[PDB]
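Below are the chains, spelled out letter by letter.
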Amino acid sequence: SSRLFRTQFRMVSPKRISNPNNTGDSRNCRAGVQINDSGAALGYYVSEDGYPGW
Amino acid sequence: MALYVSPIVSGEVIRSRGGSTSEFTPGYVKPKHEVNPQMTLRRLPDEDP
Amino acid sequence: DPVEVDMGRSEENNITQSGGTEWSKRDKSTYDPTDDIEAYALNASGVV
Amino acid sequence: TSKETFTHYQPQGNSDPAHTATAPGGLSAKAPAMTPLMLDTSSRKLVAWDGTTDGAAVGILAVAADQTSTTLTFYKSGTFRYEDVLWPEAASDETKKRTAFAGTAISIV
Amino acid sequence: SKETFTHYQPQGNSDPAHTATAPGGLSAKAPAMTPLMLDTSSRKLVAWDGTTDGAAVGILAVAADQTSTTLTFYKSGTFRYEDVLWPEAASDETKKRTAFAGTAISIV
Amino acid sequence: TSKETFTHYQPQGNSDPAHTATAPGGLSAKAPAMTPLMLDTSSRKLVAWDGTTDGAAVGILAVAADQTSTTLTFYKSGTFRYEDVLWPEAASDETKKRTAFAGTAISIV
Amino acid sequence: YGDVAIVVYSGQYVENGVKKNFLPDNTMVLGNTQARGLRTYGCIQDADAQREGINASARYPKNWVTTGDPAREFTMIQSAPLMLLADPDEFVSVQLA
Amino acid sequence: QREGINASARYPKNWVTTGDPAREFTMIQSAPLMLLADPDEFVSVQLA
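Rules and cut-offs
Residues numbered from 1 in each chain as written, not as in the entry; some residues may be left out. Chains lettered and ligands numbered in written order. Part of a larger assembly, values for the part shown. Heavy atoms only, no water. Helix = DSSP H or I, 4+ residues; strand = E, 2+ residues; numbered from the N terminus. Buried < 20%, exposed > 50% of the residue type's maximum accessible area, 1.4 Å probe, protein only. Areas by Shrake-Rupley, 256 points an atom, 1.4 Å probe, with all protein chains shown as cover. Core = buried A, V, L, I, M, F, W, Y, C linked by side-chain atoms within 4.5 Å. Contact = heavy atoms within 4.5 Å. Polar contact = N/O pair within 3.5 Å; in protein donor to acceptor, adjacent residues only side chain to side chain. Patch = residues over 30% accessible without salt bridge, like charges linked within 9 Å, V, L, I, M, F, W, Y side chains within 5 Å. Salt bridge = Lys/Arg side-chain N within 4 Å of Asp/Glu carboxyl O. Buried area = accessible area lost by both parts, 1.4 Å probe. Pairing = 2+ DSSP bridges. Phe/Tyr/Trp six-rings, centres within 6.5 Å; stacked < 30°, edge-to-face > 60°. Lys NZ or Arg CZ within 6 Å of the ring centre and 35° of its normal. Axes fitted to C-alpha atoms, helices over the stretch in contact; angles between N-to-C directions. Nonpolar A, V, L, I, M, F, W, Y, C, P; charged D, E, K, R; others polar. 1 Å grid on protein atoms, 1.4 Å probe; cavity = no way out; pocket = protein on both sides within 12 Å on 5 of 7 lines; lining within 4 Å. Points joined across faces, edges and corners; volume = space filled by probe spheres on them.

The record names cryo-EM as the way this model was obtained, at a resolution of 4.07 Å.

Description of the overall build of chain H
Helices and strands together make up the secondary structure of chain H, namely zero helices and two strands. Dimensions of chain H along its principal axes, counting C-alpha atoms only, are 60 × 30 × 10 Å. Put simply, chain H has 48 residues, and 8% of those count as buried. Surface exposure of chain H reaches about 4500 Å², of which carbon and sulfur atoms provide 58%.

Topic: the overall build of chain C
Within chain C, the regular secondary structure consists of one helix and zero strands. Taken along its principal axes, the extent of the C-alpha atoms in chain C is 50 × 25 × 10 Å. Of all 48 residues assigned to chain C, the portion counted as buried reaches 19%. In the form shown here, chain C has an accessible surface area of approximately 3400 Å², with 55% of it arising from carbon and sulfur atoms.

Observations concerning the nonpolar core
Counting residues in hydrophobic clusters, the biggest one holds 15 residues, and the most contacted among them are E:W48, E:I59, E:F79, E:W86, E:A99, E:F100 and E:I105. Setting aside residues up to four positions removed in sequence, E:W86 forms contacts with E:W48, E:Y81, E:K96, E:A99 and E:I107. Within the second largest apolar cluster, 14 residues are counted, among which are F:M38, F:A57, F:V85 and F:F101.

Points about the side chain of F:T79
Residues and elements named next belong to chain F. By the secondary structure assignment, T79 is in strand 6 (residues 78–80). Polar contacts involving the side chain of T79 include one to the side chain of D16, which spans 2.5 Å. The residues touching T79, leaving out its near neighbours within four places in the chain, are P11, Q12, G13, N14, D16, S107, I108 and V109.

A short note on a nonpolar patch on the surface
On the surface, a cluster of nonpolar side chains totalling about 400 Å² of accessible area is made up of G:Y9, G:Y13, G:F22 and G:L23. Note that G:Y13 resides in strand 1 (residues 12–14).

A few points about the interface of chain G and chain C
Contact residues are listed per partner, giving 20 residues for chain G and 23 residues for chain C. Around 1800 Å² of area is buried between chain G and chain C when both sides are counted, 60% of it from carbon and sulfur atoms. On the chain G side of the contact with chain C, G:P88, G:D89 and G:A97 bury the most area, a combined 28% of that side's loss. Counting across the interface, chain G meets chain C through zero salt bridges. Linking chain G to chain C there are 13 residue pairs in polar contact. Only strand 3 (27–30), strand 7 (84–85) and strand 8 (92–95) of chain G provide two or more residues apiece to the side of chain G that touches chain C.

Here we look at the sheet that holds strand 5 (residues 61–62) of chain G
The strand order 1(B)-6(G)-5(G) describes an open sheet built from three strands, whose pairing is antiparallel. Looking at which strands have only one partner, the edges of the open sheet turn out to be strand 1 (33–34) of chain B together with strand 5 of chain G. In this sheet, strand 6 (residues 74–77) of chain G lies alongside strand 1 of chain B in antiparallel orientation, the contact comprising two bridges. Bridged to B:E34 within strand 6 of chain G is G:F74.

Some remarks on the packing of aromatic side chains
Evaluation of the coordinates by the stated rule reveals twelve aromatic pairs over all chains. With centroids separated by 5.7 Å and ring planes inclined at 75°, the aromatic side chains of H:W15 and H:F25 adopt a geometry described as edge-to-face. Here H:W15 is found in strand 1 (residues 11–16), whereas its partner H:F25 is found in strand 2 (residues 24–29), with ten residues between them in sequence. Here H:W15 falls in the partly exposed class, since its relative accessible area comes to 30%. By way of ring pairs, the aromatic residues F:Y82, F:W87 and F:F101 are connected into one cluster. Sitting over the ring of F:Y82, F:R98 keeps its end group 4.9 Å from the ring centre.

Structural notes on the sheet that holds strand 5 (residues 70–74) of chain E
Residue and element names in this part refer to chain E. An order of 1-5-4-2-3 is seen for the five strands of this open sheet, with the pairing classed as antiparallel. In this open sheet, the two strands that pair with only one neighbour each are strand 1 (19–23) and strand 3 (45–47). Mean inter-strand twist for the sheet, computed between neighbouring axes without regard to direction, equals 50°. Both strand 2 (residues 35–38) and strand 3 contribute to a ladder of three bridges, which runs antiparallel. Note on strand 3: the bridge partner recorded for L36 is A47.

As for the interface of chain B and chain G
Listed as interface residues are 14 residues of chain B and, on the opposing side, 16 residues of chain G. Salt-bridge contacts for B:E34 lead to G:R72; the nearest nitrogen and oxygen are separated by 2.3 Å. Counted by class, the side of chain B that touches chain G contains seven nonpolar, four polar and three charged residues.

Here's the deal with the environment of F:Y9
Residues and elements named next belong to chain F. Mapped onto the secondary structure, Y9 falls in the segment before strand 1 (20–24). For the pair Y9 and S107, spaced 98 residues apart in the sequence, the C-alpha separation amounts to 18 Å. With near-sequence residues (within four places) excluded, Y9 lies in contact with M34 and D84.

Comments concerning empty space enclosed by the protein
The full count for this structure, using the stated rule, is five cavities of 30 Å³ or more. Size it by volume and the largest cavity reaches roughly 150 Å³. In this structure, the largest cavity is lined by 19 residues; those nearest its centre are E:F100, E:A101, E:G102, E:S106 and F:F74. In this structure, the second largest cavity occupies an estimated 50 Å³ of space. Around the second largest cavity sit E:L26, E:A30, E:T34, E:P35, E:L36, E:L45, E:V46, E:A47, E:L60 and E:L71, which together line it. Elements with a minimum of two residues in the lining of the second largest cavity: strand 2 and strand 3 of chain E. The element contributing the most residues to the lining of the second largest cavity is strand 3 of chain E, with three residues.

Description of the layout of surface pockets
All names here are of chain G. By volume, the second largest pocket amounts to about 1100 Å³. Lining the second largest pocket we find 25 residues, and of these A5, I6, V7, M28 and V29 sit closest to its centre. For the lining of the second largest pocket, the element with the most residues is strand 3, which contributes four residues. By residue class, the composition of the lining of the second largest pocket is 18 nonpolar, five polar and two charged.

What about the pattern of salt bridges?
If you walk through the whole model with that rule in mind, you get 16 salt bridges over all chains. Residue E:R80 is joined to E:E82 by a salt bridge in which the shortest nitrogen-to-oxygen separation is 3.5 Å. Across the pair F:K96 and F:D93 runs a salt bridge, and its minimum N-O distance is 3.3 Å. Exposure remark for F:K96: the relative accessible area of 53% places this residue in the exposed category. Assessed through its relative accessible area of 33%, F:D93 is described here as partly exposed.

Here it is in structure tokens:
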């Protein structure tokens, strides 16, 4: 609460967005993106930092 | 129908009507086919010379 | 695998013209089919 | 293909009430339900009706039992059908097996 | 005034038909789709006789002759019974069908 | 009471493909599905594998057939599990059963 | 024909190498147009189809091409027809002669 | 190797083979080589 506005914006590299565990894409989940029946995006599978790749 | 139930005797109890069941489960057919693109060398009976 | 589908058709429903009076030995001018139509349609479990 | 069919089990024939009685059993084999039983001539135990002894059958077993069962419950009153109750094959005369339970509270309809 | 155009379909099943190369002691002109066995003694390659039981080892793919030291032949797959040529020695259809038993080659 | 254990049925043991081919066969009796087969040295037809002759085992049948089934279908390629095969009781040696299909596209694990 | 509707059917189908009429020479069928049938289709036994859930389907087109040195693609159709009827007695078949 | 993801923790890959008995398989590739650069740090005693 030390600041007036609690919202913070973080940009994220696209390489952090992909299918979790590099699983094969399905009809509704593609590259870690959840697609409904109408094609609207629903959820994103984001990985944490990849450096070091260890 | 009602045959002869006399009002001196209790009579008998008519058995209920029971149905019957059957199964015709399996079902299948699969007409595979082939194109063998090596066929495309020769001219079709269509496609005028 | 050879499988079967026996719906439960009664033997009456599949009656053939077996006999000496089917359709051909009958007189073509006098004999009628309507009686045969009725005698084969009354045992059909409903209107046809 | 298999026509298992569905029929409502109605062992009771007419509205006459059915009563049960529990007595020691001397069965020699595994006795399924609906089995006629007579009294033993020696040990006055209960043995499934062989079908050759006339009128000596006393009861009709309700719940299936076996030899290890010390005692068993049998129907003592009521009217039951003919096909519903398993019967010994030694008895063959239709009228005789119809009248097998005559003189008692058990009737065959 | 009639030249029919039959659909050339050597293949008879969905199984893949792989090829292989091998030295061949051919003693004649062998057209394509020719059955062939392995020589009993010299282990060269000649057309299947139609008399030896199960000696056939494959189906020739590209026609060749005696001069061809090496040859290319099908090693796997299934072919029709009709399109494949047969040695005149083979008579009964049963052994023709069972000719390539126990091998990646089959016929229908 | 009655404990039944459902089990999935995967005759295959390896990722290798299992192509099936048809051939005439002089089958003797009702052969259940997935039975070892051999080629008759005289009739040149296909019969149930004896389990004794070495190398005579040609393939593994696909669909259960009988003597009246002129054409029989059978796998030519693939790997199958030892426990999931109805071998003839004649083949009493485990290693013989294992390596019987050696040398062809049919193998065992 | 008064109350009953009269039709004459002549459809044919081709067996292995020749054609033939569906019906034999002389058949006569008492039927009712209001009788209900069943075009029932079973589940497509195909892993690829089950990958996207087309279990209950009328037809199922499918195409694939073999890999490796030989290249050739296929056309595949799958269905499980179980054409059925409600009541068997509502139809009467007579073989005329 | 084509995808360039050779170095990773786990590689799951699900795919269906071709042909008439088309069936689907799953693979889980990994190459664990866990080590410790200070072996003498740890001491194991078998009690008795």
